[PDB]
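For what it's worth, the entry's author numbering labels the leading residue of the sequence shown as 3, then goes sequentially. A quick write-up on the structure given underneath.
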Amino acid sequence: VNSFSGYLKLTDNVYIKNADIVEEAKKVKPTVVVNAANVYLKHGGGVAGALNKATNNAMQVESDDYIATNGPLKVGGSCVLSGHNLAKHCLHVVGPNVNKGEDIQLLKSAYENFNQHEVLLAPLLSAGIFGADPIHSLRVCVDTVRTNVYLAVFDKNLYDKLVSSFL
Ligand SMILES: OCC[C@H](CO)Nc1ncnc2[nH]ccc12
Ligand SMILES: [Cl-]
C-alpha cells in the first residue's frame, strides 16, 4: 500500500492520472520523482522547468555541479540527484527529443532506468516539448517498466485520450 490517490490502473504496475507533477510530488513526497531532463540538466521549461522552479532553483544549482564533475548524460540515460522539497530523490531521465532529431528508439532505453526503483512518480517520457507522441510513450512505458509507476499527465484533454485509446 502507498499514498498515491486518484489514479486509474492501466496494468498490474502502471497507473495514470490527470495532475500537475509538481503538485503531486509536494503532496505525496515520493521516494522518487522522475524529471524529463536533457543531457545538460538545463531545466528551462516543460516538466523540468516546473520541477526546478518549485525547488527555488536548488535543483539547477545541484545539477550544474553534477555536470561540472561528470559531464553530460547520454540520451536514454539517467542520474539520481536530490529531490529537494519535492521527493527524497529525483531520477533525471533523458528521453529522445524529436525536435532535436534524436532517435525515438532510445525511448525504451530511457524507460529502462525506471526499473532500478521500486516505486516512482513520473511524467510521460519525450512527451510535451520533447515532441514525441504521448500515446506511443505510454505504450513503451507499459511494455518496458516492471516496477510501480504513477504517471502524472498535466493536460486534461491529453489524459482522456490516453485512457480512451489505451489497449
Ligand atoms: O507527462 C509528460 C507530458 C505532459 C503533457 O501534459 N506534461 C506534464 N505532465 C505532468 N506534469 C507536468 N508539469 C509540467 C509539464 C507537465
Ligand atoms: Cl511538457
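Here a beta-carbon is modelled for each residue, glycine too, at the ideal position from N, C-alpha and C.
Rounded straight-line distance, which links the Cα of residue 143 to that of residue 79
15 Å
Is residue 106 near ligand 1 - that is, is its Cβ less than 8 Å away from at least one heavy atom of it?
no
Where residue 63 falls, given that 16 or more other Cβ within 10 Å makes a residue buried
exposed
Please give the ranges of any beta strand (DSSP E) in the region 57-98, keeping only runs that are unbroken, at least 3 residues long and fully inside the region.
80-84, 91-95
Could you check what DSSP says for residue 113 in three-state terms: helix, strand or coil?
helix
Cβ of residue 137 versus every heavy atom of ligand 2: is any distance shorter than 8 Å?
no
Helix, strand or coil: which one does DSSP assign to residue 106?
coil
Hey, could you find the ends of the alpha helix (DSSP H) residue 123 is sitting in?
Here residue 123 belongs to no alpha helix (DSSP H); instead the beta strand (DSSP E) covers 121-124.
In three-state terms, what does DSSP make of residue 44?
coil
C-alpha distance - residue 43 paired with residue 164, whole-angstrom precision
28 Å
Just tell me which of 149, 120, 158, 100 has its CA closest to the CA of residue 139.
100
Consult DSSP for residue 161 and reduce its assignment to one of helix, strand or coil.
helix
Tell me the DSSP secondary structure of residue 3 in three-state form.
coil
Helix, strand or coil for residue 15, going by three-state DSSP, please let me know.
coil
Cβ neighbour criterion (16 or more within 10 Å) applied to residue 130:
buried
Three-state secondary structure assigned by DSSP to residue 153:
strand
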